[PDB]
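Take a look at this single chain in structure tokens; it is the form deposited in one PDB entry.
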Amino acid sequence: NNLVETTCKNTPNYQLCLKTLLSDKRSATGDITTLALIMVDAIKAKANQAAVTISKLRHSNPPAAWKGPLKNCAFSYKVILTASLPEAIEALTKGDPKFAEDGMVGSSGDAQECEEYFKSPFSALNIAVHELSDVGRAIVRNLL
């Protein structure tokens, strides 16, 4: 069957969706809820990276220009990792997906917000978080 492929066609970024979903072994048999859960985990993986990258920059005594943005971004990612993505996982697993859409709207916006505080030194990760969040938002809407 071609559920991964058609699911991905119904997103803003077919190729990103497709390679992301196929990287997780749950995609061989997973239904759309499972596919959404895979996408949430891929956002988390990038957000986990972003959060440590920020902490590393802060640990090094960063340039004065970067202190406020880094502190603000650190909060953005704390919210994503502690509130937003956990909300989405919970909603998907309990079968109330509309709340998972809410988490991805938030993570998409907060990654962009962080980037805007500065091109930041970790732009590729903010972009990845935004892009994957928008893919996941679209996957979840199939479930509504």
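Numbers for residues come from their place in the sequence shown, where the first is 1.
Just so you know, the form solved in complex with a partner chain exists too; it's not on screen, but the next bit is about it.
The shortest heavy atom separation between residue 63 and its partner chain in the deposited complex exceeds 4.5 Å. Taking the partner from elsewhere, residue 59 is found to have every heavy atom lying beyond 4.5 Å of its partner chain in the deposited complex. The closest non-hydrogen atom of residue 101 lies within 4.5 Å of its partner chain in the deposited complex. Not displayed here, its partner chain is approached by residue 87 to within 4.5 Å at the level of heavy atoms in the deposited complex.
Residues of just one listed stretch (22-30, 49-57, 35-43, 106-114) have heavy atoms within 4.5 Å of its partner chain in the deposited complex: 106-114.
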